[PDB]
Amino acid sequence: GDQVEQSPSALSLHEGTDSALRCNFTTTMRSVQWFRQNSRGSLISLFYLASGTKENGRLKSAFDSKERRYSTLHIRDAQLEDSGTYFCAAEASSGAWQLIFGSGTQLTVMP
């Protein structure tokens, strides 16, 4: 019973390559949030988008779909230290504190 489907579940990239993670929603969502788990297990927010696109460093996220049925997180020039677990979460309401999470993506970057 997924309302938020994340893909891929796992992926291996060679250092320097670009790839994208996707967050699919069974219904239009108000906003999406992308996180990277740190060493302690905390989910550190990378982006929060209600629409449009955002960028920071080698990362870029988009939620510019008309229906907004999905969102993408693009990782460019992948580095060994980018390896880790990534999560996306969606907010149904325009100001709700409740989030619906994806199952996570294991990224492995190889030398």
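Numbers follow the displayed sequence, beginning with 1.
| request: Determine, for stretches 31-39 and 50-58, which one has the higher mean CA B-factor as deposited. | output: That would be 50-58.
| request: Going by the average Cα B-factor in the PDB entry, point out whether 77-85 or 59-67 comes out higher. | output: Comparing 77-85 with 59-67, the higher average CA B-factor belongs to 59-67.
| field | Entry-reported Cα temperature factor of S12, expressed as the chain third it lands in | value | Lowest third, going by the recorded CA B-factors of the chain.
| query | Lowest, middle or highest third: where is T105 by Cα B-factor in its chain? | reply | CA B-factor rank for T105: lowest third.
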